[PDB]
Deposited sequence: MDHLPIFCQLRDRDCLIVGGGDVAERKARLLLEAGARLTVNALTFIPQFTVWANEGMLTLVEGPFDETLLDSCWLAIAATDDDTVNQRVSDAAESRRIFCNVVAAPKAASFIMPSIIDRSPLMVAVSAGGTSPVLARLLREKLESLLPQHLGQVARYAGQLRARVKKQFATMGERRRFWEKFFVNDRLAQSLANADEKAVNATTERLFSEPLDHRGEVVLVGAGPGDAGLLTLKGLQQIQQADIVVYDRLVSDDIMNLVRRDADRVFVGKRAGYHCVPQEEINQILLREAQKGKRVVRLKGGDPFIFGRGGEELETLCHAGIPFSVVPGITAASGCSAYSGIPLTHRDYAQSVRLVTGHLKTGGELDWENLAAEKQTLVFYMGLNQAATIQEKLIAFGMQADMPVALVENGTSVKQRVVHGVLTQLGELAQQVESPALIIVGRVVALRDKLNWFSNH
């Protein structure tokens, strides 16, 4: 990220503003509300500074820039119409390692001032960092509608209750379940906004009195095929609240940036199946919230059954959030609809390699009026070509390989069945093989990109 947002405590720490105009006034108001020991140093001051100094709220220094005035400071704002003066200020703050802002120069200096949405003690800060101020206000105003008025009271009462919550509940898990119930209690919100104390207490006493679930849980989340926008809402809620995230090769970096930063992540790519079973089973033993994060959907060739089969008997609660399967994702982003009129009456999702022995029922796969979708069949492309032709499938039946479907690295190569072998050589895992006449619809429905 281009900036690290932090929330400074300014009470009784000195700060310098240099400059004394309408801009300098706005920043000075911000620093005064935050309880800072302020010095303004300018050649002339608009009247608002004159009144603030009368009431003993800041110190005024009339004259040119005095570097020594930095010596005690935690923040400097350069706020004059003289670039030469502003840079001297920025250069003095840099030698003293003091974060400095220049109002005329977002790209110079050390910090940027964001727009603020006050719901004290709740604060949301927005900034596009100077590139877009329009999107800042557009975002700021939209955020202003989403956050209720009484959100401040809930948050103020939450802090007052924080001591009582730490003595009464022992572990971290049950304080979490307390706070989750607390912040979605609309009755408790209206009672605070109505200053009705008897009703605040009644609801508070009942909450402290509820037995809390000590058990851990495991949730199988389908991560979808790659684009981070194809995750489901439910699946975002799970990885934004999870304690541990067990993920594998086929979950993208964009999806992983959506995990809660203070959760631990275990990798299981390249590890076999019975180990994943136990590591899940082990991390759920600590009574934590375990997310098993799987590419695609977890019941389409992800062996989500094997994982959950252990835990029906080991008394662990579990559930599953479905995901966009690679087939649905690659079809929408390749322009290739999986069904269409009666091009296809059915769609077959097939595995590329079986349990050592056992042959695919090629007679069945060769049937007409169906879209064929081979999962992990790349290394067996040539034999699928042979066998399909052996069992009746025509020769000019179109085919497409969608490598890395739904990401920004998506390649699509197409052709006819007799080219299936050579098409596979110019693609790499992870790839899908689509076979059927719906592939011809591509040159009319491709909206994603010319690679």
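Task: Deposited-sequence ranges lacking C-alpha coordinates, in sequence order - done: Hole in the chain trace, numbered from 1: 271-276.
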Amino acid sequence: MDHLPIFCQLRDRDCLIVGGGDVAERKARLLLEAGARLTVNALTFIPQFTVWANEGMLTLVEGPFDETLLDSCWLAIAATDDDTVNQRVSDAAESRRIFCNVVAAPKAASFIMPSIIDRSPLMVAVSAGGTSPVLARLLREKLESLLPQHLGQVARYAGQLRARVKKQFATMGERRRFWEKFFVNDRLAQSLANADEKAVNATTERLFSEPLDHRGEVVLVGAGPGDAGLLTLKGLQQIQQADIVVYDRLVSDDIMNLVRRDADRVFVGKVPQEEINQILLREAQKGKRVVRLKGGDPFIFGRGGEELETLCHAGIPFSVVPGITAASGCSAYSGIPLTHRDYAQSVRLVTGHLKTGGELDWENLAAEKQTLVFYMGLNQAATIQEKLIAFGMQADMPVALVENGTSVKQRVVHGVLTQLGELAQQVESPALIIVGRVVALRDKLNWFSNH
From here on, numbers count along this sequence of modelled residues.
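Task: Which of 373-381 and 313-321 has higher mean CA B factor, as the PDB entry lists it - done: Between 313-321 and 373-381, it is 313-321.
Open item on the list: Per the record, averaged over C-alpha atoms, which has the higher B-factor: 229-237 or 285-293?
Closed with: Averaging CA B-factors over each stretch, the winner is 285-293.
Task: Highest-ranked of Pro337, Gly224, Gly358, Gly305 once sorted by CA temperature factor in the record - done: Of the options given, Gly358 has the highest CA B-factor in the PDB entry.
Open item on the list: Sorting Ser90, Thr171, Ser331, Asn185 by Cα temperature factor from the record, which one lands on top?
Closed with: Largest recorded C-alpha B-factor: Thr171.
- [ ] Sort the modelled residues of this chain by their C-alpha B factor and say whether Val347 lands in the lowest, middle or highest third.
- [x] It belongs to the middle third of the chain when residues are ordered by C-alpha B-factor.
- [ ] Would you check the entry's CA temperature factor for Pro64 and let me know if it's in the chain's lowest, middle or highest third?
- [x] Ranked within chain, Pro64 CA B lands in the lowest tercile.
Task: CA B-factor ranking of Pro106, expressed as a third of its chain - done: Middle third.
- [ ] Just say lowest, middle or highest third for the CA B-factor of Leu161 relative to the other modelled residues in its chain.
- [x] Its C-alpha B-factor belongs to the lowest third of this chain's values.
Task: Relative C-alpha B-factor of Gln48, binned into the chain's lowest, middle or highest third - done: Highest third - that is where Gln48 ends up once the chain's C-alpha B-factors are sorted.
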